[PDB]
$ cat coords_15.tsv   # TSV, C-alpha atoms
chain	number	residue	atom	x	y	z
A	745	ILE	CA	-31.60	183.22	102.69
A	746	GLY	CA	-33.27	181.93	105.83
A	747	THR	CA	-36.62	183.62	106.41
A	748	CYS	CA	-38.15	180.57	108.05
A	749	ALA	CA	-35.41	180.14	110.63
A	750	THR	CA	-37.89	181.71	113.07
A	751	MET	CA	-40.49	179.11	112.09
A	752	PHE	CA	-38.84	176.25	113.98
A	767	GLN	CA	-31.57	189.73	117.77
A	768	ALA	CA	-34.67	191.05	116.01
A	769	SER	CA	-33.24	193.38	113.35
A	770	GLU	CA	-30.71	190.76	112.20
A	771	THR	CA	-33.44	188.29	111.22
A	772	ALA	CA	-33.64	187.46	107.52
A	773	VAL	CA	-37.32	188.45	107.23
A	774	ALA	CA	-36.81	191.94	108.64
A	775	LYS	CA	-33.57	192.45	106.72
A	776	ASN	CA	-35.27	191.53	103.43
A	777	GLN	CA	-38.18	193.81	104.29
A	778	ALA	CA	-35.85	196.71	105.16
A	779	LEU	CA	-33.98	196.23	101.89
A	780	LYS	CA	-37.38	196.21	100.15
A	781	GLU	CA	-38.47	199.45	101.85
A	782	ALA	CA	-35.20	201.24	100.97
A	783	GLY	CA	-35.08	200.70	97.21
A	784	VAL	CA	-33.61	197.26	96.54
A	785	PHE	CA	-35.52	195.18	94.02
A	786	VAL	CA	-36.41	192.34	96.37
A	787	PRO	CA	-38.68	189.49	95.21
A	788	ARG	CA	-41.42	188.17	97.45
A	789	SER	CA	-39.47	184.97	98.07
A	790	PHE	CA	-36.60	183.03	96.51
A	791	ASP	CA	-38.76	181.36	93.88
A	792	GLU	CA	-39.40	184.71	92.15
A	793	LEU	CA	-35.69	185.58	92.04
A	794	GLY	CA	-35.22	184.49	88.43
A	795	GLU	CA	-38.43	186.30	87.50
A	796	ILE	CA	-37.35	189.56	89.12
A	797	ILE	CA	-33.85	189.40	87.57
A	798	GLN	CA	-35.46	188.71	84.18
A	799	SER	CA	-37.99	191.52	84.68
A	800	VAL	CA	-35.25	194.04	85.54
A	801	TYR	CA	-33.12	192.91	82.59
A	802	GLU	CA	-36.00	193.27	80.13
A	803	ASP	CA	-36.49	196.86	81.29
A	804	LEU	CA	-32.75	197.41	80.90
A	805	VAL	CA	-32.77	196.11	77.32
A	806	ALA	CA	-36.00	197.90	76.33
A	807	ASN	CA	-34.65	201.33	77.37
A	808	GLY	CA	-31.36	201.41	75.48
A	809	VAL	CA	-29.25	200.86	78.59
A	810	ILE	CA	-27.53	197.52	77.82
A	811	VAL	CA	-26.26	196.72	74.31
A	812	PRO	CA	-25.91	192.92	74.39
A	813	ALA	CA	-22.93	191.03	72.96
A	814	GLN	CA	-23.23	188.93	69.83
A	815	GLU	CA	-22.34	185.47	71.10
A	816	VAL	CA	-19.54	183.64	69.28
A	817	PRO	CA	-18.58	179.96	69.76
A	818	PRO	CA	-15.40	179.35	71.74
A	819	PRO	CA	-12.41	177.11	71.07
A	820	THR	CA	-12.84	173.61	72.48
A	821	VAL	CA	-10.45	171.45	74.50
A	822	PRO	CA	-10.84	167.69	74.81
A	823	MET	CA	-12.18	166.48	78.16
A	824	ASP	CA	-9.87	165.04	80.75
A	825	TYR	CA	-9.85	161.26	80.77
A	826	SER	CA	-9.90	161.07	84.57
A	827	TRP	CA	-12.92	163.37	84.62
A	828	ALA	CA	-14.83	161.97	81.66
A	829	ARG	CA	-14.38	158.45	83.03
A	830	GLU	CA	-16.30	159.31	86.23
A	831	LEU	CA	-19.18	160.77	84.28
A	832	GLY	CA	-19.41	157.55	82.26
A	833	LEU	CA	-18.74	158.81	78.74
A	834	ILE	CA	-15.70	156.59	78.17
A	835	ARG	CA	-15.78	152.81	78.29
A	836	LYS	CA	-12.56	150.80	78.12
A	837	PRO	CA	-11.93	147.41	79.72
B	745	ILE	CA	-23.05	157.25	38.28
B	746	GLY	CA	-20.65	158.03	35.46
B	747	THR	CA	-22.33	160.02	32.70
B	748	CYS	CA	-19.13	161.81	31.75
B	749	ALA	CA	-17.07	158.66	31.28
B	750	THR	CA	-17.60	159.25	27.55
B	751	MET	CA	-16.28	162.80	27.94
B	752	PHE	CA	-12.63	161.78	28.30
B	767	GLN	CA	-21.28	149.12	23.95
B	768	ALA	CA	-23.64	152.06	23.39
B	769	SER	CA	-26.73	151.02	25.36
B	770	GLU	CA	-24.62	150.15	28.43
B	771	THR	CA	-23.45	153.75	28.84
B	772	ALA	CA	-24.61	155.66	31.91
B	773	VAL	CA	-26.20	158.51	29.93
B	774	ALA	CA	-28.38	156.24	27.79
B	775	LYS	CA	-29.28	154.01	30.74
B	776	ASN	CA	-30.39	157.04	32.77
B	777	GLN	CA	-32.40	158.31	29.82
B	778	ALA	CA	-34.04	154.91	29.27
B	779	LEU	CA	-34.97	154.75	32.95
B	780	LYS	CA	-36.34	158.28	32.61
B	781	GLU	CA	-38.48	157.31	29.60
B	782	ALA	CA	-39.93	154.24	31.33
B	783	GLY	CA	-41.33	155.73	34.53
B	784	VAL	CA	-38.45	156.01	36.98
B	785	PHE	CA	-38.20	159.37	38.71
B	786	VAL	CA	-34.73	160.31	37.47
B	787	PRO	CA	-33.22	163.72	38.30
B	788	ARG	CA	-31.41	165.73	35.66
B	789	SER	CA	-28.07	165.02	37.32
B	790	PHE	CA	-26.75	163.86	40.68
B	791	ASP	CA	-26.97	167.28	42.31
B	792	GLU	CA	-30.79	167.23	42.10
B	793	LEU	CA	-31.01	163.80	43.75
B	794	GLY	CA	-31.82	165.14	47.21
B	795	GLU	CA	-34.32	167.54	45.66
B	796	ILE	CA	-36.11	164.82	43.72
B	797	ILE	CA	-36.22	162.47	46.74
B	798	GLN	CA	-37.58	165.34	48.86
B	799	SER	CA	-40.12	166.29	46.18
B	800	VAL	CA	-41.39	162.70	45.91
B	801	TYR	CA	-41.58	162.36	49.70
B	802	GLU	CA	-43.62	165.56	50.08
B	803	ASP	CA	-46.21	164.22	47.63
B	804	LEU	CA	-46.15	160.92	49.52
B	805	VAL	CA	-46.96	162.75	52.77
B	806	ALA	CA	-49.62	165.01	51.19
B	807	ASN	CA	-51.80	162.11	49.95
B	808	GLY	CA	-52.23	160.13	53.16
B	809	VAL	CA	-49.81	157.45	52.02
B	810	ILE	CA	-47.01	157.64	54.63
B	811	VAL	CA	-47.88	158.20	58.30
B	812	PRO	CA	-44.52	159.23	59.79
B	813	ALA	CA	-43.16	157.92	63.09
B	814	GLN	CA	-42.98	160.09	66.18
B	815	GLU	CA	-39.26	160.17	66.86
B	816	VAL	CA	-38.22	159.08	70.36
B	817	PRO	CA	-34.68	159.43	71.81
B	818	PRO	CA	-32.68	156.22	72.06
B	819	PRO	CA	-30.65	154.74	74.90
B	820	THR	CA	-27.02	155.86	74.87
B	821	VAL	CA	-23.80	153.87	75.25
B	822	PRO	CA	-20.50	155.47	76.20
B	823	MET	CA	-17.99	155.82	73.35
B	824	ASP	CA	-15.12	153.42	73.01
B	825	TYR	CA	-11.88	154.79	74.39
B	826	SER	CA	-9.86	153.48	71.45
B	827	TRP	CA	-12.25	155.21	69.06
B	828	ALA	CA	-12.82	158.45	70.96
B	829	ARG	CA	-9.06	158.84	71.40
B	830	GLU	CA	-8.50	158.99	67.61
B	831	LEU	CA	-11.16	161.64	67.18
B	832	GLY	CA	-9.44	163.75	69.84
B	833	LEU	CA	-12.17	164.02	72.47
B	834	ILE	CA	-10.09	162.45	75.25
B	835	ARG	CA	-6.81	163.86	76.51
B	836	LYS	CA	-4.69	161.91	78.99
B	837	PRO	CA	-0.90	162.02	79.28
$ encode --input "coords_15.tsv" --output "structure tokens"
Amino acid sequence: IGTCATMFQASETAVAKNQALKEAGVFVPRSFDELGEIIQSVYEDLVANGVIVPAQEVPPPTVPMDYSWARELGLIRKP
Amino acid sequence: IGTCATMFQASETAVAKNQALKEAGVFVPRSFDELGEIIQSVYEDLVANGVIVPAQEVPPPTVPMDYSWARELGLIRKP
């Protein structure tokens, strides 16, 4: 994070560090807003090549909420 | 309800009343377990003849639950 800190030591700037990671074989997106896209696009290539065998998702047990927490969120209403 | 009350005045029995409603133009199912099917099968023909124009469902406002009610159901947990 922090490429546009310079837009307000040279090798320890975020732009040049991201670019040196990108030139050395780290799957770097063009900015932060493509981070979900590049994670998704790596994971699709990992599923579609027999690398990751995903887990069949099962519902968990469920606790009741805390009163002192679910009072702040406004789900409980007592006078 | 109550066709098999006799299986433990004659025209005031549930079997004969259901059959007399069925002979007079009331859409009676064969028993209670086809009631949802016959309601659904009437409603489909009511949609497919331009009779009922259904409402576009919109989410409602939401109140918080009562504490004294949502304590009995076990959603709230305070010592």
$ closest_atom_pairs --input "coords_15.tsv" --of "chain B" --to "chain A" --cutoff "9 Å" --atoms "all atoms listed in the file" --output "tab-separated table"
residue	atom	partner	partner_atom	distance
B:821	CA	A:833	CA	7.9
B:822	CA	A:833	CA	4.6
B:823	CA	A:834	CA	5.4
B:824	CA	A:835	CA	5.4
B:825	CA	A:836	CA	5.5
B:826	CA	A:836	CA	7.7
B:828	CA	A:834	CA	8.0
B:832	CA	A:822	CA	6.5
B:833	CA	A:822	CA	4.6
B:834	CA	A:822	CA	5.3
B:835	CA	A:824	CA	5.4
B:836	CA	A:825	CA	5.5
$ atom_distance --input "coords_15.tsv" --atom1 "atom CA of residue 770 of chain B" --atom2 "atom CA of residue 790 of chain B"
18.5 Å
$ atom_distance --input "coords_15.tsv" --atom1 "atom CA of residue 779 of chain A" --atom2 "atom CA of residue 747 of chain A"
13.7 Å
$ calpha_fit_and_write --input "coords_15.tsv" --fixed "chain B" --moving "chain A" --output "PDB file with C-alpha atoms, keeping the file's coordinate frame"
ATOM      1  CA  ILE A 745     -23.095 157.206  38.267  1.00  0.00           C
ATOM      2  CA  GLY A 746     -20.690 157.952  35.444  1.00  0.00           C
ATOM      3  CA  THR A 747     -22.362 159.975  32.700  1.00  0.00           C
ATOM      4  CA  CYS A 748     -19.179 161.803  31.772  1.00  0.00           C
ATOM      5  CA  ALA A 749     -17.105 158.674  31.266  1.00  0.00           C
ATOM      6  CA  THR A 750     -17.616 159.314  27.538  1.00  0.00           C
ATOM      7  CA  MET A 751     -16.285 162.853  27.970  1.00  0.00           C
ATOM      8  CA  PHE A 752     -12.649 161.805  28.358  1.00  0.00           C
ATOM      9  CA  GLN A 767     -21.147 149.233  24.040  1.00  0.00           C
ATOM     10  CA  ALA A 768     -23.629 152.039  23.395  1.00  0.00           C
ATOM     11  CA  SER A 769     -26.720 150.938  25.340  1.00  0.00           C
ATOM     12  CA  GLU A 770     -24.664 150.167  28.465  1.00  0.00           C
ATOM     13  CA  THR A 771     -23.465 153.769  28.786  1.00  0.00           C
ATOM     14  CA  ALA A 772     -24.627 155.607  31.898  1.00  0.00           C
ATOM     15  CA  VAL A 773     -26.186 158.490  29.932  1.00  0.00           C
ATOM     16  CA  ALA A 774     -28.385 156.248  27.794  1.00  0.00           C
ATOM     17  CA  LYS A 775     -29.274 154.001  30.727  1.00  0.00           C
ATOM     18  CA  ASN A 776     -30.388 157.001  32.805  1.00  0.00           C
ATOM     19  CA  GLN A 777     -32.357 158.328  29.843  1.00  0.00           C
ATOM     20  CA  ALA A 778     -34.039 154.949  29.252  1.00  0.00           C
ATOM     21  CA  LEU A 779     -34.967 154.733  32.928  1.00  0.00           C
ATOM     22  CA  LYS A 780     -36.341 158.282  32.612  1.00  0.00           C
ATOM     23  CA  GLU A 781     -38.430 157.393  29.543  1.00  0.00           C
ATOM     24  CA  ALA A 782     -39.890 154.265  31.202  1.00  0.00           C
ATOM     25  CA  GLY A 783     -41.280 155.744  34.415  1.00  0.00           C
ATOM     26  CA  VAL A 784     -38.450 156.005  36.938  1.00  0.00           C
ATOM     27  CA  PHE A 785     -38.222 159.329  38.732  1.00  0.00           C
ATOM     28  CA  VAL A 786     -34.767 160.272  37.487  1.00  0.00           C
ATOM     29  CA  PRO A 787     -33.262 163.688  38.318  1.00  0.00           C
ATOM     30  CA  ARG A 788     -31.445 165.690  35.680  1.00  0.00           C
ATOM     31  CA  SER A 789     -28.103 164.977  37.339  1.00  0.00           C
ATOM     32  CA  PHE A 790     -26.779 163.817  40.706  1.00  0.00           C
ATOM     33  CA  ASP A 791     -26.995 167.244  42.312  1.00  0.00           C
ATOM     34  CA  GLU A 792     -30.814 167.191  42.121  1.00  0.00           C
ATOM     35  CA  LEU A 793     -31.038 163.744  43.733  1.00  0.00           C
ATOM     36  CA  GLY A 794     -31.830 165.072  47.204  1.00  0.00           C
ATOM     37  CA  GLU A 795     -34.334 167.487  45.673  1.00  0.00           C
ATOM     38  CA  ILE A 796     -36.145 164.766  43.739  1.00  0.00           C
ATOM     39  CA  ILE A 797     -36.238 162.408  46.756  1.00  0.00           C
ATOM     40  CA  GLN A 798     -37.584 165.283  48.873  1.00  0.00           C
ATOM     41  CA  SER A 799     -40.125 166.223  46.188  1.00  0.00           C
ATOM     42  CA  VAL A 800     -41.425 162.638  45.949  1.00  0.00           C
ATOM     43  CA  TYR A 801     -41.598 162.322  49.742  1.00  0.00           C
ATOM     44  CA  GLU A 802     -43.574 165.552  50.110  1.00  0.00           C
ATOM     45  CA  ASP A 803     -46.138 164.219  47.635  1.00  0.00           C
ATOM     46  CA  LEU A 804     -46.223 160.967  49.599  1.00  0.00           C
ATOM     47  CA  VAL A 805     -46.897 162.781  52.880  1.00  0.00           C
ATOM     48  CA  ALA A 806     -49.417 165.242  51.393  1.00  0.00           C
ATOM     49  CA  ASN A 807     -51.619 162.442  49.986  1.00  0.00           C
ATOM     50  CA  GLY A 808     -52.118 160.299  53.079  1.00  0.00           C
ATOM     51  CA  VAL A 809     -49.776 157.557  51.887  1.00  0.00           C
ATOM     52  CA  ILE A 810     -47.042 157.604  54.575  1.00  0.00           C
ATOM     53  CA  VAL A 811     -47.908 158.106  58.259  1.00  0.00           C
ATOM     54  CA  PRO A 812     -44.570 159.179  59.768  1.00  0.00           C
ATOM     55  CA  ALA A 813     -43.207 157.858  63.068  1.00  0.00           C
ATOM     56  CA  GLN A 814     -43.018 160.040  66.151  1.00  0.00           C
ATOM     57  CA  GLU A 815     -39.295 160.090  66.868  1.00  0.00           C
ATOM     58  CA  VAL A 816     -38.205 159.044  70.363  1.00  0.00           C
ATOM     59  CA  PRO A 817     -34.676 159.405  71.817  1.00  0.00           C
ATOM     60  CA  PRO A 818     -32.679 156.187  72.067  1.00  0.00           C
ATOM     61  CA  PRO A 819     -30.638 154.708  74.904  1.00  0.00           C
ATOM     62  CA  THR A 820     -27.015 155.847  74.869  1.00  0.00           C
ATOM     63  CA  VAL A 821     -23.797 153.861  75.265  1.00  0.00           C
ATOM     64  CA  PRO A 822     -20.493 155.467  76.210  1.00  0.00           C
ATOM     65  CA  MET A 823     -18.002 155.825  73.356  1.00  0.00           C
ATOM     66  CA  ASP A 824     -15.127 153.432  73.000  1.00  0.00           C
ATOM     67  CA  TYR A 825     -11.887 154.801  74.384  1.00  0.00           C
ATOM     68  CA  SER A 826      -9.843 153.517  71.443  1.00  0.00           C
ATOM     69  CA  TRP A 827     -12.248 155.228  69.056  1.00  0.00           C
ATOM     70  CA  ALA A 828     -12.821 158.463  70.946  1.00  0.00           C
ATOM     71  CA  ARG A 829      -9.065 158.874  71.388  1.00  0.00           C
ATOM     72  CA  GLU A 830      -8.504 159.019  67.602  1.00  0.00           C
ATOM     73  CA  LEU A 831     -11.166 161.656  67.165  1.00  0.00           C
ATOM     74  CA  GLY A 832      -9.457 163.783  69.822  1.00  0.00           C
ATOM     75  CA  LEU A 833     -12.180 164.040  72.458  1.00  0.00           C
ATOM     76  CA  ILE A 834     -10.098 162.474  75.234  1.00  0.00           C
ATOM     77  CA  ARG A 835      -6.824 163.892  76.490  1.00  0.00           C
ATOM     78  CA  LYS A 836      -4.695 161.948  78.964  1.00  0.00           C
ATOM     79  CA  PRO A 837      -0.908 162.072  79.267  1.00  0.00           C
TER      80      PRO A 837
END
$ atom_distance --input "coords_15.tsv" --atom1 "atom CA of residue 768 of chain B" --atom2 "atom CA of residue 791 of chain B"
24.5 Å
$ residues_around --input "coords_15.tsv" --residues "residue 811 of chain B" --least-positions-apart "5" --cutoff "12 Å" --atoms "only C-alpha atoms" --output "ChimeraX atom specification"
/B:801-802,804-806
$ closest_residue --input "coords_15.tsv" --among "A:803, A:745, A:784, A:795" --to "residue 772 of chain A" --atoms "all atoms listed in the file"
A:745
$ residues_around --input "coords_15.tsv" --residues "residue 777 of chain B" --least-positions-apart "6" --cutoff "12 Å" --atoms "all atoms listed in the file" --output "NGL selection string"
:B and (747 or 769-771 or 783-789)
$ decode --input "coords_15.tsv" --residues "segment 783-794 of chain B" --atoms "N, CA and C atoms" --output "mmCIF file, in the first residue's frame"
data_model
loop_
_atom_site.group_PDB
_atom_site.id
_atom_site.type_symbol
_atom_site.label_atom_id
_atom_site.label_comp_id
_atom_site.auth_asym_id
_atom_site.auth_seq_id
_atom_site.Cartn_x
_atom_site.Cartn_y
_atom_site.Cartn_z
ATOM 1 N N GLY B 783 -69.543 -27.651 -7.899
ATOM 2 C CA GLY B 783 -68.660 -26.643 -8.443
ATOM 3 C C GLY B 783 -67.856 -25.920 -7.387
ATOM 4 N N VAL B 784 -67.243 -26.682 -6.489
ATOM 5 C CA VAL B 784 -66.241 -26.179 -5.557
ATOM 6 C C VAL B 784 -65.012 -27.047 -5.761
ATOM 7 N N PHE B 785 -63.857 -26.419 -5.943
ATOM 8 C CA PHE B 785 -62.671 -27.159 -6.346
ATOM 9 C C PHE B 785 -62.107 -27.919 -5.160
ATOM 10 N N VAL B 786 -62.658 -29.098 -4.900
ATOM 11 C CA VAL B 786 -62.308 -29.868 -3.711
ATOM 12 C C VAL B 786 -61.196 -30.851 -4.066
ATOM 13 N N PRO B 787 -60.123 -30.920 -3.288
ATOM 14 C CA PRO B 787 -59.116 -31.961 -3.499
ATOM 15 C C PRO B 787 -59.604 -33.308 -2.996
ATOM 16 N N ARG B 788 -58.850 -34.354 -3.338
ATOM 17 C CA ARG B 788 -59.290 -35.697 -2.982
ATOM 18 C C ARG B 788 -59.124 -35.969 -1.497
ATOM 19 N N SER B 789 -58.126 -35.360 -0.866
ATOM 20 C CA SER B 789 -58.029 -35.330 0.586
ATOM 21 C C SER B 789 -57.288 -34.058 0.968
ATOM 22 N N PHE B 790 -56.893 -33.971 2.239
ATOM 23 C CA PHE B 790 -56.229 -32.764 2.722
ATOM 24 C C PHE B 790 -54.814 -32.636 2.186
ATOM 25 N N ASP B 791 -54.177 -33.746 1.828
ATOM 26 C CA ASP B 791 -52.771 -33.681 1.463
ATOM 27 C C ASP B 791 -52.579 -33.132 0.054
ATOM 28 N N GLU B 792 -53.652 -33.031 -0.731
ATOM 29 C CA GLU B 792 -53.607 -32.394 -2.041
ATOM 30 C C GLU B 792 -54.127 -30.963 -2.003
ATOM 31 N N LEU B 793 -54.258 -30.376 -0.811
ATOM 32 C CA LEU B 793 -54.842 -29.043 -0.711
ATOM 33 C C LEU B 793 -53.889 -27.987 -1.255
ATOM 34 N N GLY B 794 -52.607 -28.080 -0.891
ATOM 35 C CA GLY B 794 -51.617 -27.172 -1.451
ATOM 36 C C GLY B 794 -51.464 -27.335 -2.950
#
